[PDB]
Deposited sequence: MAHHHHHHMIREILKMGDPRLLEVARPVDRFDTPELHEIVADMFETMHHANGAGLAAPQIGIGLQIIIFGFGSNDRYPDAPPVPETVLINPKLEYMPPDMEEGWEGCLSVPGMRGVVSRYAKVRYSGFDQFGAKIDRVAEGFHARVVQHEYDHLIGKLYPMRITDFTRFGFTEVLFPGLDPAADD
């Protein structure tokens, strides 16, 4: 549909807590989802959250072990301790950088698609990492807030030439 501007870290809209979607299968919600996919694809992103395009709603999309192409609305996550994994992340809202972030190796997630149909899955590894990363956007968190080792945070061009 249309490519929307991705907000950058420092924008206070990225720090807010997103509100739930109350009505499903509306033209307005279908446009949002279409806008998010075009904006995501345009950036070669593996996920996107509505607050990143300035829409303060609990909507995430992802899909790039194939990660299934998914619209997840009003997500509920369950973290599965104690197995954590470190890995490199970047964010379309933190352009130019990468940092190592510890994530749960496995999570459960549920919610609804844009039609209101239920979604309910257990995810592992990169799939689970993407879901955690996008969920964080809905609660005001960007991945530098999760970093504990800032010697492993820097510019992509320097870390991975």
Quickly check which stretches of the deposited sequence aren't in the model, judged by C-alpha, and list them in order.
-> 1 to 7, 72 to 80, 178 to 185
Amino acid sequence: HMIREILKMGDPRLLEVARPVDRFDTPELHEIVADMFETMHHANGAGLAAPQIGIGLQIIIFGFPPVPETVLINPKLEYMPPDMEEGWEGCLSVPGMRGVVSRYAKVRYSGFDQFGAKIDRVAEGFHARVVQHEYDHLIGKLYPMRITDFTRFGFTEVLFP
From here on, numbers count along this sequence of modelled residues.
Got a sec? Mean C-alpha B-factor, which is higher, 109 to 117 or 39 to 47?
-> 39 to 47
Out of 66 to 74 and 124 to 132, which stretch has the higher average CA B-factor listed in the record?
-> 66 to 74
Just say lowest, middle or highest third for the CA B-factor of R152 relative to the other modelled residues in its chain.
-> highest
Ordered by C-alpha B-factor within the chain, which third holds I60? Give me lowest, middle or highest, please.
-> lowest
By its CA B factor, does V100 count among the lowest, middle or highest third of the modelled residues in the chain?
-> middle
Going by the entry, which third of its chain does the Cα temperature factor of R146 land in?
-> middle
Looking at the C-alpha B-factor of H137, is it in the lowest, middle or highest third of its chain?
-> lowest
